[PDB]
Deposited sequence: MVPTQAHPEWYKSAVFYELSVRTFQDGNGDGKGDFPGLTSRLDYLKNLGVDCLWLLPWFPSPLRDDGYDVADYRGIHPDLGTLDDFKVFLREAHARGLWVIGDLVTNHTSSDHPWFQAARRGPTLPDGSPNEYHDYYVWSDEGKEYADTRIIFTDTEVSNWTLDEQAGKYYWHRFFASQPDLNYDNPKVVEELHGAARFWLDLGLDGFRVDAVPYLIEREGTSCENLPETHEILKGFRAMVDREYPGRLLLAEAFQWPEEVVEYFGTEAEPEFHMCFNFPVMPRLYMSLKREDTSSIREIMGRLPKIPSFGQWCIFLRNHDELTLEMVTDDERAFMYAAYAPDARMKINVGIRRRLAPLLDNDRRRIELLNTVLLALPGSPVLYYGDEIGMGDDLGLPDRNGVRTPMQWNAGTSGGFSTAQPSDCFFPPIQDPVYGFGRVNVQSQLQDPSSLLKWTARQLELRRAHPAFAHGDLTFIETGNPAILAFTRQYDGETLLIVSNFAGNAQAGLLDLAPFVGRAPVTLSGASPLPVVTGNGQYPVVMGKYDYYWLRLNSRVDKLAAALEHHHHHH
């Protein structure tokens, strides 16, 4: 019933998507001009990166106004037109609500740093991972960066200031937030300072507030933890909290399984997913604005990944690999389609990262995770059509290498190419939309004779989908245990071509080509 359960999401950064005014930086007007593209792509909801005023010491997650638009993205009017036009086209939109902290440049903090009195803004933050404030002559607490002062959530004027910020955007029409850094909200003495029941209480209320005043809207938990730990942040039926949390550990295991030609680890994570509230939905993805993280893997698995996908030391950062999906898969369209299909056929709402629909590469010449944040590539024009501004003058430079450059990889080409990745992606999303079991159906892995072949069913409302996916780079054989479905014919979702009916014991033999995916219905 709820929209976010069946939504395909699409993550972009306004600053990097389309420059509307020639200054080299993406902006809302420019984004507005590309809404038809996003519409026709088949995406349902745009998740925009932080659009708020900031000195950008932590990519604008250090917020210095919660009710503003960063000046070089346009104005609050631009934002309103963007949302009107987005909605006119059947698109939901969400943003990033940074709950735990602000930038040091927030008025609140500039007021707070002036002793206890001259001052109601002193007790918004936590005073005496502590830094000496020159002005106030005290230490302040910061969970994350010295320039990111953690908020005092024990002061309930702050809990209102949060609720207020949320309303500001929800009033304007915004369909949800991805809610950041929520585990670190309250802090006790001699304890974890994460996942504390008091912090959960605030979220339960925050939820119950939007449930009441703004039904339909979406709260999505950015909270980097295993499923078995974030289930907490869904709350309960009686006390709901977040509608959606991410399922992180699938992600690296898709890549790992491709290179191991062994899909065991996918089953291990997916099949052992905990139960969730009836209103809840998992959120999954292949790539995003950060590196491909390897935190939720063994050390030996992490070492395998590095050998497999980061041959160049430059490719490593933090605890992961800072490369785009296409370069990771050696620009192999077969592997690109494969993982995308598997992503789309698993339970959860998938998030697609801007540019991956057309096969974008990365720029390791750029510091610190910026190589996967280059400008979108629209045509073979001057800066990939991203700006009339020359490449040197764009926020990040548009990619021009012989393989992934905008002269070869761009939206216009793939709009005109009958067999482009772009059009493929759009069709596949359409296929997914035509079958509710993808979004709401259950998940049952099935026996293949072969770890390289992953097979599973998705069941809902008397529809049964059979998804078979070869993770090997050559022909594989399987014996699918389809005993439950004897007397049924697996039929091709694309084109309704029927396969042999399951008979006898229902051990169904198959061969598959390299990286093939079979999207089948059972009836």
_Chain regions without C-alpha coordinates, deposited sequence numbering_ = 1-7, 126-130, 141-159, 555-571
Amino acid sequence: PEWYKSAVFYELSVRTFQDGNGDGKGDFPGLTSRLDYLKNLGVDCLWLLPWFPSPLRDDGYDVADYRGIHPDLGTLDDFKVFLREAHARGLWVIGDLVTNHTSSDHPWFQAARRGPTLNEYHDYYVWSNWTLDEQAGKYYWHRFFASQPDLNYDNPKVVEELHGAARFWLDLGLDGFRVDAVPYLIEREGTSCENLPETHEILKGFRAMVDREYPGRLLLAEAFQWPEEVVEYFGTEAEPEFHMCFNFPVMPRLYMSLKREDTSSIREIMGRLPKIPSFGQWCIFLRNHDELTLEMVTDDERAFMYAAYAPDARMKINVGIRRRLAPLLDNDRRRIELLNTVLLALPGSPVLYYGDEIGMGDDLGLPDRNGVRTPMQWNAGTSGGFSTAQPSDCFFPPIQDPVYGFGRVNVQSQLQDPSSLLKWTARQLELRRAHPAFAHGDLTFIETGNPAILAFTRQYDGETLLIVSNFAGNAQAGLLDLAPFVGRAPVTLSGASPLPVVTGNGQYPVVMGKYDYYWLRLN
From here on, numbers count along this sequence of modelled residues.
*Select between 270-278 and 100-108 the stretch whose C-alpha atoms have the higher average B-factor in the entry.*
100-108
*Take the C-alpha B-factors listed in the entry for 61-69 and for 45-53, compute each mean, and give the stretch with the larger one.*
61-69
*Identify, among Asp417, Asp123, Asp262, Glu301, the residue whose C-alpha carries the highest B-factor in the deposited PDB entry.*
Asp123
*Tell me, please, which of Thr374, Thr382, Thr191, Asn340 has the highest C-alpha B factor according to the deposited entry?*
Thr191
*Should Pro391 be placed in the lowest, middle or highest third of its chain by the C-alpha B factor in the entry?*
highest
*Should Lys80 be placed in the lowest, middle or highest third of its chain by the C-alpha B factor in the entry?*
middle
_Ranked C-alpha temperature factor of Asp442 among modelled chain residues, by third_ = middle
*Grab the CA temperature factor for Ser128 from the record and place it in the lowest, middle or highest third of its chain.*
highest
*asked:* Ranking the modelled residues of this chain by C-alpha B-factor as given in the entry, is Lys316 in the lowest, middle or highest third?
replied: middle
